[PDB]
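Asker: Following this message is one structure expressed as structure tokens.
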Amino acid sequence: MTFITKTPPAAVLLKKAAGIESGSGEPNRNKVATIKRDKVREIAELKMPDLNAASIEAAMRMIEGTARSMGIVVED
């Protein structure tokens with residue numbers, strides 16, 4: 001009665017926000033993959049009610065370990 005509610009994992013949209021696709025190594029002007037906390041958490045917010053998270057500490061949490069051990073870092 002409320003339609004369907006399908007949502008992807010945070011390990012797929014997270015990196016997307018950053019932009020890590022491919023790099024020859026270090027071309028002209030290169031920036032590391034750093035995702036501020038106001039941004040990485042921003043995505044975890046859009047998918048807060050899509051991961052059974054009782055709060056942000058539970059959502060942003062998945063965006064941390066996922067946006068950290070995958071190579072992407074986070075700033076705050």
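Residues are named by chain letter and number: chains run A, B, ... in the order of the structure tokens, numbers start at 1 in each chain, and ligands are numbered from 1 in the order shown.
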Can you list, as a ChimeraX atom specification, every residue of chain A that DSSP puts in strand (DSSP E or B)?
Answerer: /A:34-36,73-75
Asker: Counting only C-alpha atoms, what is within 12 Å of segment 25-36 of chain A, bar same-chain residues fewer than 4 positions away, as a PyMOL selection string?
Answerer: chain A and resi 14-21+40-43+60+63-64+67-68+70-76
Asker: Could you give me the residues within segment 15-44 of chain A that DSSP places in alpha helix (DSSP H), as a list in words?
Answerer: residues 15, 16, 17, 18, 37, 38, 39, 40, 41, 42, 43 and 44 of chain A
Asker: When distances are computed from only C-alpha atoms, which of A:51, A:66, A:3, A:56 shows the smallest separation from residue 38 of chain A?
Answerer: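 Comparing A:51, A:66, A:3, A:56 against residue 38 of chain A, the winner is A:56.
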Asker: Take atom CA of residue 7 of chain A and atom CA of residue 50 of chain A and report the distance between them in Å, one decimal.
Answerer: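 Rounded to one decimal, the two atoms are 6.3 Å apart.
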